[PDB]
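Chemist: One structure, as structure tokens, below. Some questions next.
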Amino acid sequence: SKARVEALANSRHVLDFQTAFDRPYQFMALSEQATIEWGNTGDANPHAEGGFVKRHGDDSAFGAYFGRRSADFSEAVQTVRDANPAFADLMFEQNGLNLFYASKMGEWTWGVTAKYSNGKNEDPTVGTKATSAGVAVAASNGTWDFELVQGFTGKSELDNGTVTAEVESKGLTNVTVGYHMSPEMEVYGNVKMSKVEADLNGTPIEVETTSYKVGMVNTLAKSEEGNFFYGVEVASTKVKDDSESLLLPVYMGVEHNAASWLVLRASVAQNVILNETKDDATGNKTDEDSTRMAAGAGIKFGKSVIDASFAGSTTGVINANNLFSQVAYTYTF
Amino acid sequence: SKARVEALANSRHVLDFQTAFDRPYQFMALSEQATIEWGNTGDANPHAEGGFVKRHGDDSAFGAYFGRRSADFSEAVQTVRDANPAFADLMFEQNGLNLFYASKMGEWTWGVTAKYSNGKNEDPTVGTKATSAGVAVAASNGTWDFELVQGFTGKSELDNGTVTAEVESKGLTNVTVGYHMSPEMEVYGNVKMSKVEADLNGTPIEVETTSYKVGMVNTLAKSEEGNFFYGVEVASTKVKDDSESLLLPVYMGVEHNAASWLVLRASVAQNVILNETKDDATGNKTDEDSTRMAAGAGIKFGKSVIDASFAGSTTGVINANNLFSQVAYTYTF
Amino acid sequence: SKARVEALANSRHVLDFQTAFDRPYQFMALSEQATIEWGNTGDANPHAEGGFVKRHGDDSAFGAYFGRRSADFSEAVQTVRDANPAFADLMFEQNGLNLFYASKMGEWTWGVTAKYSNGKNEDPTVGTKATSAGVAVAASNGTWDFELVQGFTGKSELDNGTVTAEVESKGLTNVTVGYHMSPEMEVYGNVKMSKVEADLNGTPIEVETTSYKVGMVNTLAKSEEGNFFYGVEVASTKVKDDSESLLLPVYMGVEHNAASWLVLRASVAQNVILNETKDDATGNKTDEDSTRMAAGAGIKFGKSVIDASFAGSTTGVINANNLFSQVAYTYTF
Amino acid sequence: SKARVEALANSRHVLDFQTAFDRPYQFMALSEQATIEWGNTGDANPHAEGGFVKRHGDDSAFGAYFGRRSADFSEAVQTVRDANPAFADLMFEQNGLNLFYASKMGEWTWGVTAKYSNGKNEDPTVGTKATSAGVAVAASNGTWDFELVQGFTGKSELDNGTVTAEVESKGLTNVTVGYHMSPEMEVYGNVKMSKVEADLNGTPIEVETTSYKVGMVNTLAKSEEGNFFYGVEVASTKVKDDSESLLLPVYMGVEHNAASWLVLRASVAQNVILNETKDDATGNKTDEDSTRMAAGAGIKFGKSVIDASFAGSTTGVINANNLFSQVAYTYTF
Amino acid sequence: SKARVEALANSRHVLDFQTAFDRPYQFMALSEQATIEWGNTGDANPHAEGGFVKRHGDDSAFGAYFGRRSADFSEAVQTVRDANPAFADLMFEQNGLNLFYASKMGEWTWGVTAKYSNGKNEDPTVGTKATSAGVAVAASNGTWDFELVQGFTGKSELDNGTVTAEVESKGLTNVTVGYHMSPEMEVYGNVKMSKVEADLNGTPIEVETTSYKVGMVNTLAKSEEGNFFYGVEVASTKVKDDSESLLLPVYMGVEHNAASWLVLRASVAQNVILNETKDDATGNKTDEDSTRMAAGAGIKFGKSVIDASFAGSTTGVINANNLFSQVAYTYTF
Ligand SMILES: CCCCCCCCO[C@@H]1O[C@H](CO)[C@@H](O)[C@H](O)[C@H]1O
Ligand SMILES: CCCCCCCCO[C@@H]1O[C@H](CO)[C@@H](O)[C@H](O)[C@H]1O
Ligand SMILES: CCCCCCCCO[C@@H]1O[C@H](CO)[C@@H](O)[C@H](O)[C@H]1O
Ligand SMILES: CCCCCCCCO[C@@H]1O[C@H](CO)[C@@H](O)[C@H](O)[C@H]1O
Ligand SMILES: CCCCCCCCCCCCCCCC(=O)O
Ligand SMILES: CCCCCCCCCCCCCCCC(=O)O
Ligand SMILES: CCCCCCCCCCCCCCCC(=O)O
Ligand SMILES: CCCCCCCCCCCCCCCC(=O)O
Ligand SMILES: CCCCCCCCCCCCCCCC(=O)O
Ligand SMILES: CCCCCCCC
Ligand SMILES: CCCCCCCC
Ligand SMILES: CCCCCCCC
Ligand SMILES: CCCCCCCC
Ligand SMILES: CCCCCCCC
Ligand SMILES: CCCCCCCC
Ligand SMILES: CCCCCCCC
Ligand SMILES: CCCCCCCC
Ligand SMILES: CCCCCCCC
Ligand SMILES: CCCCCCCC
């Protein structure tokens, strides 16, 4: 679930339905299961999602998933929307669909995820259309992880007889390699590039981001009760003619099976030493407080698990108005 | 209960007091029971409802229910009311009454549900009259379902000193055939034709709707624990000289006995590939997000069960203000 | 408790401290107990109340009770108060007092309940005075029930230097006879007449109401777990030179011992076929939706029991701002 | 705790840290304990309080307590504060301190409580000073209770350079004698005389109240489950040249050990027959509804007990916004 | 955790991750653990914090901690911020880092805590820079405690082209000596000295504070369940040419293992006899109510512990809006 992965800091050691989309060999290690992210239709946060992963014989898995929206796509569209209130109708991805398949052939597991979305409102006063398509291919043997995420299409446009807007992807590539020395240690490198082009009612805009990350994650000698982990990552991010950040996030956390009905999840992070963002023009530096934490739970009823975030975590409260948020339901067959 | 059927995506595999009305042979399969939908008198959502089903012989069942309102009826009345604040007194069905009977004679079980409602307010500053009457007849032998739902009468009129308005069913027919190749699989076909004439203070309105549906719902090999299910339905709807939609809803869900006191219910759906509503005049297409989900619980105290929806399901939360809504109570003798 | 009798639809099969006032032989059948209705002093809904019933020998019972207000009295007083904001201080009964006694001679149990109240505020800007006095006499042998409720005095008057109002009872009789063919069935009939004169700042008013009720109540074989009941009653009410009503309420409900700590209560009722009120002046008829339900609970700690209503029953909701209302506390010795 | 004594209607039969201050022989009967009344610093209701009682030999006890304020002192200061917003800074007792000591010398237990308070704000725009001092001496032998409570100093004054105010005790004496015919019955009498003077920016005021109470309280035979009790008291109060009241409070209640973790407490009272207050000037009588109840719990964890009032009692609700108020914590060593 | 230390009156008898920073030998006595203080990034209260302590051989411990902010530093910044809204951006410490180490050398355990922080916003409209560095050195043999906390750097400054502001530490020294006659008694003394200089847009300011404290703290002979404690301390504080105070805080509390899943924490305090603050200029004295209390809880799931304050402690309530605040999560390996 999203709440689980978030409380676990999105760390690379985590195995989850939600991390498998972009690491599809993981679909082969997951238990057959159905999961539903609670939320609403349309422009809603959380947005309703859900799907399943099934085993097909001994050496492969497959499944489908409804409603998943790309982080990059939704960010771009929201930036346009926030630019001018006339762009309020610019679409997020409509009816997102994922298909995925994984197979273990001897010592290597490989997998593939396909992403497609498409929709339109041809009402003249709205006049919107959006499409996306992409793929993730990956393989692993326990020691080596190879992950490739490639966007094919990402476009959203608006034209209502008053204004016009559009935003489009001119390339999305995410490549990751991981090396696991032992079941407790992993090191990883990652390179990401996206090009986005927008036209807001005449005015063109471009954004090009390139980011390099090198990191390591450690876990403890496997406990039957507590997965404790810690990590360090160096992250270099260049927005063309905008800015450049060099960040050293240090993080740590735990997933603890605290009771027959309860999993507790918590983690904390801070950028240690390296926290600067520099302006390409002025060279002025922003270097501000970055300490952050996360907390959530799982309520276990055997095959049924209700995951959530502690809604009060950012304010330090557990109280009946601030209990669970980002709820998901997972049934493991 | 309503909340249970809704958390299970209204799938045809469900057997429930609330699914029995329009599939009256089901009344012969339910355990003798009394059920009450929490709510209020009058123009309230939820509206108070309640009834029972009792075994007559070893091969028949019968009972009565109070307060059921037709969905078609309430939609028509509410559309009219939304037309203009002058029509805010247009009545919904008053004092709904249902009687139903079911008998297993051979390998064929058959059943009948009669619905009637009638009310009026003759205060001159109000002056309103509403009536409805309908039947449902059905039979099944486990392999084949035949269900017919017939509207005989539906009329609501408003005549005060200032404005008039009326709305009236000119025919409501609903026919379903189902085939069960096994206990796990059903295919079903459904045809629905309805015509509605209304008068909004002189101006006349006419809406005619025909829909064709073909679908399949599968359940896993029956276990004492977790009823998982998925279905595919293709649905053509034609509103005369108005619009045409062709939708392919896909859904899955689970009913799990999570604890001796706890039933958990969840489901997710999306229109896959086919999601278009075309406007008749312009030919403009609407193709927008369809993802939706549902979550509910049953709290179990032996013969008493309290059913509910997770009120926070559309916003992803569970907390003191968003725990249980659409509550119902059922006593199984 | 009030919430218990309300959740059990006020049915005549109920034995409760709260149904005994107007059926005083019941005080012989109750267990020695002290009950308290949570509320406030003064013009508060709910109003603080409470009393006890104690055994004297094996053949008599007696007790006293504080705070009880007559339904008819408060209805009268509220009608006046609503007539105009200047009658806003017209009093309800002040410091209600009830005393009661019951004795079982041979096969007959008889009892009497005395009600008296009296209060005044002689502040010149308030200037109010209210008094009431009445009695209940009843006998029963298990098969026949004879109940007389007689009002002696009921007056409430207000005179500040600005306006005057007074309401006064000119007669209040209630006679009920019940017949029990078995412990599972009861038929009964009831005549009630009441006359009330009021003066609102000069305008005189008279209301005279006469009602006849014949009804039936059945329970299922006395069980040790679930007490299911249903009833039918036809009720004719005449308000002289105002209104006539003929109503056929049908109701049904359950009291279930759902756990060692929990009693669940629920009922639903509707006017079936007969639901008509006709203005005597115009002959205009009102015939509007009458479906209604009620839900409550008892939290059991051996000799302590906390009764309540599901505060969210009318909205279909159980959450943390809508849990228990109408709380009462009963200690059974 | 305050909530405990309050839920038991302040009955003379109760033994509690909070009743011992003015009945110091009780400090010898209490179990060594530490109690903390939850609250805030300053002009806060509830105000933080806390202290302890400790045994010395087998025949003596002593202890201290922080934060206690006199009801008469707070009544006086609040009345002045309410006379005029200019007097808003008039001080309640500051840093209240109690020392107490009890000893048993044969059949007689005796004890004394000393109360001191003192504080000032010499800021010229506040200019406040307040002081109090008093003693309680009492002795009991089981059959006979002698309690004397004597004020010594009671003064609060304000001089901010724009208005002056002061209020001052001219004598506070309160004498009680009780007789216990048995462990179940007590009759008691009480005389209280107080004289207060005040200056409200040059206007002088006096209040001499004198009161007589004779009462009786009964409990049932000692049972380790549910201590039931009732009482009646007649009380005559004369506020010299202002008002007179004659009041006959009748009350009953229960403390029930309802579970291993739960103590339930409830009581109801009403003035019966005698409920009159007469304004001395005009002779105008006020005689209004007096019914009132109270309810609380103890949550027990062996040596730890959290006491509270049911915050929803005056409105008859129990829900997660109206759960516990007037919380206190008590550790019995 | 902070809630734990606070509910325990911040007493010197408490051993906690939060009291070790300034008593680093304690890091040798703490069990290996990770802790997270729930909160947010940036100018937030509570502020996300967290870290760990780990053993390294049998005679040493080390670890690290993110997010901690000096109370003196935050006080200085906040006072400057309050002086003028033009200083709204004056930074608190950014990305606080703590490293600590401790070693048992025979009968002596010694430890060291290093604190460093640094951040900046070079946007010309913000123009802020902040830096801090400090050390704590301490050692103990179980009988003698020696603690030195020393501030090296402490500066925060703002220059946005419109206003300037800065605050700087010209010295921070904190020495404590403690003596333990037994495991139940401790006496201690403490001297603290600090000079802070500031410039608010050309207006200079200086604040030199010196304080002395001598205290005693006691616990009872160790139970396995209920740790009770009480202390007295006398504290003299002089702010050069501004103010002085002499205060005698007396206090008392308990940490009780109330259940396998619950720790209850409560204390209360008041300044007894000595409570005066003199204005150096006018010689005027302030001497106002000082009673205060604190209540918290630990929820225990074996190695996981969720600590909190009772959010409603200052108003005496436990309800669903006021349950737990200042939450922290601790995993003991
Ligand atoms: C417990 C002692 C830790 C000392 C760390 C000193 C490293 C200096 O690095 C600085 O880290 C901050 C963090 O953001 C940066 O802002 C500075 O530019 C660095 O020099
Ligand atoms: C990643 C799975 C690939 C599925 C691709 C299906 C191709 C077309 O998909 C549908 O196209 C229509 C056209 O509007 C959309 O409305 C549907 O939602 C799509 O599923
Ligand atoms: C399937 C049951 C049909 C039997 C009802 C026939 C006549 C009922 O008369 C009306 O009953 C309604 C309730 O639906 C009342 O509200 C009306 O007042 C009656 O006229
Ligand atoms: C339940 C019947 C018992 C009779 C009550 C005694 C009659 C006395 O009435 C009192 O009248 C005074 C005023 O004179 C009221 O203030 C009291 O509340 C009454 O009890
Ligand atoms: C509208 C322009 C914004 C940028 C859009 C980038 C392309 C988005 C499409 C994502 C496809 C790749 C995802 C692989 C599988 C998955 O993660 O679901
Ligand atoms: C105001 C009219 C609008 C159109 C509404 C037509 C529906 C009225 C007929 C009632 C249908 C009842 C079918 C019997 C079984 C059931 O209870 O569903
Ligand atoms: C304001 C005047 C309206 C008239 C109301 C009738 C007043 C009569 C009150 C006494 C009737 C109750 C006596 C029987 C015992 C009981 O029900 O407590
Ligand atoms: C402040 C203006 C006058 C108001 C009345 C003051 C009443 C006297 C206060 C002195 C304290 C008496 C309490 C001693 C009994 C005890 O030990 O609790
Ligand atoms: C800008 C305001 C100046 C405030 C001056 C006081 C802070 C300077 C010293 C930093 C704190 C060092 C604390 C060492 C041990 C610890 O508590 O972690
Ligand atoms: C198995 C857990 C025991 C009870 C824990 C309750 C936490 C609120
Ligand atoms: C069925 C074991 C206890 C479950 C408690 C869950 C409540 C959040
Ligand atoms: C089944 C052990 C106790 C569960 C406590 C649940 C508290 C929410
Ligand atoms: C009596 C077994 C536990 C039932 C718990 C229900 C609470 C929602
Ligand atoms: C016996 C387990 C019952 C737990 C109740 C859960 C409350 C929501
Ligand atoms: C199993 C002990 C009784 C539970 C009482 C709960 C009431 C809310
Ligand atoms: C199963 C023991 C009692 C559970 C009480 C549940 C009420 C929340
Ligand atoms: C193990 C503790 C018993 C239950 C305590 C419940 C308090 C609300
Ligand atoms: C029988 C164990 C305690 C039940 C506590 C329920 C509190 C709501
Ligand atoms: C598992 C023992 C009782 C738990 C009670 C929890 C109350 C919130």
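Line order of the protein sequences matches chains A, E, D, B and C. Count the first sequence with the entry's author numbering and you get residues 1 to 240, 241D, 242 to 333, in order. Count the second sequence with the entry's author numbering and you get residues 1 to 240, 241D, 242 to 333, in order. Residue numbering for the third sequence follows the entry's author numbering, beginning at 1 and increasing consecutively. Count the fourth sequence with the entry's author numbering and you get residues 1 to 240, 241D, 242 to 333, in order. Residue numbering for the fifth sequence follows the entry's author numbering, beginning at 1 and increasing consecutively. C-beta atoms are modelled at their ideal positions from N, C-alpha and C, and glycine is treated no differently.
Apply the 10 Å Cβ neighbour rule to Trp38(D) and answer buried if 16 or more other Cβ atoms are within range, or exposed otherwise.
Modeler: Buried, by the Cβ-count rule.
Chemist: Is it buried or exposed, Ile205(A), if we count other Cβ atoms within 10 angstroms and call 16 or more buried?
Modeler: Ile205(A) comes out exposed.
Chemist: Answer yes or no: does any C-beta atom of chain E fall closer than 8 angstroms to that of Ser260(A)?
Modeler: Not an interface residue.
Chemist: Among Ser117(C), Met181(C), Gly283(C) and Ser31(C), which one has its Cα closest to the Cα of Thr143(C)?
Modeler: Selected option, being the one with the closest Cα: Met181(C).
Chemist: Please list the partners that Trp38(D) has in chain B, where partner means a Cβ-to-Cβ separation under 7 angstroms.
Modeler: Near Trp38(D) (Cβ distances below 7 angstroms), the residues of chain B are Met293, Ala295, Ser313 and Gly316.
Chemist: Would you grab the beta carbon distance between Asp59(E) and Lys104(E) for me? Rounded to a whole angstrom, and I think it's under 8 angstroms.
Modeler: That belief holds up - the Cβ atoms of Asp59(E) and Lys104(E) are roughly 4 angstroms apart, short of 8 angstroms.
Chemist: Nearest by alpha-carbon distance to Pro183(B): which of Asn271(B), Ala295(B) and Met216(B) is it?
Modeler: For the residues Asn271(B), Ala295(B) and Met216(B), the minimum Cα distance to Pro183(B) belongs to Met216(B).
Chemist: For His56(A) and chain E, any beta-carbon pair shorter than 8 angstroms?
Modeler: Taking Cβ atoms only, chain E never reaches closer than 8 angstroms to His56(A), which makes this a no.
Chemist: Check whether the Cβ of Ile299(C) lies closer than 7 angstroms to any heavy atom of ligand 10, and answer yes or no.
Modeler: For ligand 10, at least one heavy atom lies less than 7 angstroms from the Cβ of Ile299(C).
Chemist: At 7 angstroms on the CB atoms, spell out the chain C contacts of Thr41(B), in chain order.
Modeler: Neighbours of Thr41(B) on chain C, chain order: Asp289, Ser290, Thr291 and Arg292.
Chemist: Alpha carbon to alpha carbon, what distance is there between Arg69(C) and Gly96(C)?
Modeler: Going from the Cα of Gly96(C) to the Cα of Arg69(C) covers about 6 angstroms.
Chemist: What is the DSSP secondary structure of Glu184(B), reduced to helix, strand or coil?
Modeler: Coil.
Chemist: Any heavy atom of ligand 6 closer than 7 angstroms to the CB of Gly151(E)?
Modeler: Checking the Cβ of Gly151(E) against ligand 6 gives yes.
Chemist: Output yes if chain E places a C-beta closer than 8 angstroms to the C-beta of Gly142(A); else output no.
Modeler: Closer than 8 angstroms: no.
Chemist: Whole beta strand (DSSP E) runs in the stretch 33-115 of chain C with 3 or more residues, listed along the chain?
Modeler: Entirely contained in the stretch 33-115 of chain C, the beta strand (DSSP E) runs reaching 3 residues are, in chain order, 33-37, 49-55, 60-66 and 97-105.
Chemist: With 8 angstroms as the threshold, decide whether the Cβ of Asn321(A) is near any Cβ in chain C.
Modeler: Yes - at least one Cβ of chain C is within 8 angstroms of the one on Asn321(A).
Chemist: Report all residues from its chain with a CB closer than 6 angstroms to the CB of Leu172(C); omit the five preceding and five following residues, and keep chain order.
Modeler: Correct list, in chain order: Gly151 and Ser194.
Chemist: So, with DSSP's three-state summary, where would you put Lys222(D)?
Modeler: Coil at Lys222(D), not helix or strand.
Chemist: In the DSSP output, which residue or residues are listed as bridge partners for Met216(A)?
Modeler: BP columns for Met216(A) point to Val187(A) and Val232(A).
Chemist: Any idea if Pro46(E) is buried or exposed, counting beta-carbon neighbours within 10 angstroms, 16 or more meaning buried?
Modeler: Under this definition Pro46(E) is a buried residue.
Chemist: Taking 8 angstroms as the cut-off, does the stretch 13-24 of chain A touch the stretch 297-309 of chain A (at least 3 CB pairs, one atom from each stretch)?
Modeler: No, the stretch 297-309 of chain A is not in contact with the stretch 13-24 of chain A.
Chemist: Applying the 10 Å Cβ sphere with the 16-neighbour rule, what's the burial state of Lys170(E)?
Modeler: It is exposed - the Cβ of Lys170(E) has fewer than 16 other Cβ atoms within 10 Å.
Chemist: Does the contact criterion of 3 or more C-beta pairs under 8 angstroms hold for the stretch 19-34 of chain A versus the stretch 110-120 of chain A?
Modeler: Yes: at least three Cβ pairs fall under 8 angstroms.
Chemist: Does chain A have any CB closer than 8 angstroms to the CB of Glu157(C)?
Modeler: Output row for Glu157(C): interface = no.
Chemist: Can you pull the DSSP bridge partners for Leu172(C)?
Modeler: According to DSSP, which records beta bridges pairwise, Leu172(C) is partnered with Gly151(C) and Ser194(C).
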